[PDB]
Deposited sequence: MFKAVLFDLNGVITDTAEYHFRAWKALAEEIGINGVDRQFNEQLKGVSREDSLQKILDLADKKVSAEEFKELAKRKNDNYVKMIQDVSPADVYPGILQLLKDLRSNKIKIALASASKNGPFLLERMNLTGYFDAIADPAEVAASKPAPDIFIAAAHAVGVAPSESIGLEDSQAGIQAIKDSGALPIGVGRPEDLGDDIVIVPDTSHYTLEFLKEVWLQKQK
């Protein structure tokens, strides 16, 4: 194995709560009831545009293509203010060490997140240096569960998805990894780890075989 493709939220850190808060604020702003925690599970690793459609689907309010755009920027502007306080403190357990062990063992590291804020978040956590590249969700043809972002992360570091491990916390993201041809190891409640402190290189390798 040659590369590890990282989900961001759920793996490196998680800004899920800020994400939900900003979508809540938006839904309340547009009078669209019932965007709750239970609903927000449905939003993990989905792009901003996809997340909004699912919110908009609730009230079956069509908002012809320019409006839809704007509401996304509103939600983004809020969410961006909320994550100004991210720091190296929000690094998930065992992730720094893993990054370190990866790079020292000559395994490429790429970000395969659905989030356009991935680079900002990575910079705040002082993690930029570890990443050999970042899949641009702007360039990518479809969000998780499509494989496109994982294919793009692998390509960025000069590897096939088939020479890669993908690390994920949502089912759509697992599905995206599986279908890229890379190897999923998830974290949450078919290899599954209870938490990111079990994501050590020794484990990752032992799973490869």
Where does the structure fail to cover the deposited sequence at the C-alpha level?
1, 191-197, 218-221
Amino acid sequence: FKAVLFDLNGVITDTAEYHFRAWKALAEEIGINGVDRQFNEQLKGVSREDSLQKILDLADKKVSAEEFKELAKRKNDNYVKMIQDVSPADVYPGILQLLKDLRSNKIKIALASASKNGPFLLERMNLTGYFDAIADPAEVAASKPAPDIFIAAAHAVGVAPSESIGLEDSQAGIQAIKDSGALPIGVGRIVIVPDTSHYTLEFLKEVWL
From here on, numbers count along this sequence of modelled residues.
Going by the average Cα B-factor in the PDB entry, point out whether 31-39 or 155-163 comes out higher.
31-39
So 1-9 or 198-206, which one's hotter by mean CA B-factor in the entry?
198-206
Of the options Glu67, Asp179, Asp148, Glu168, which has the highest CA B factor as deposited?
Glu67
In this PDB entry, which of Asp101, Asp136, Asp77, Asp132 has the top CA B-factor?
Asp77
Chain thirds of CA B-factor: placement of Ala16
lowest
Using only modelled residues of the chain, where does the Cα B factor of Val187 rank: lowest third, middle third or highest third?
lowest
By the entry's values, the third containing the CA B factor of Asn126 is the middle
According to the PDB entry, is the CA B factor of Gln175 in the bottom, middle or top third of its chain, that is, lowest, middle or highest?
lowest
How does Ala114 rank on Cα B-factor within its chain, lowest, middle or highest third?
lowest
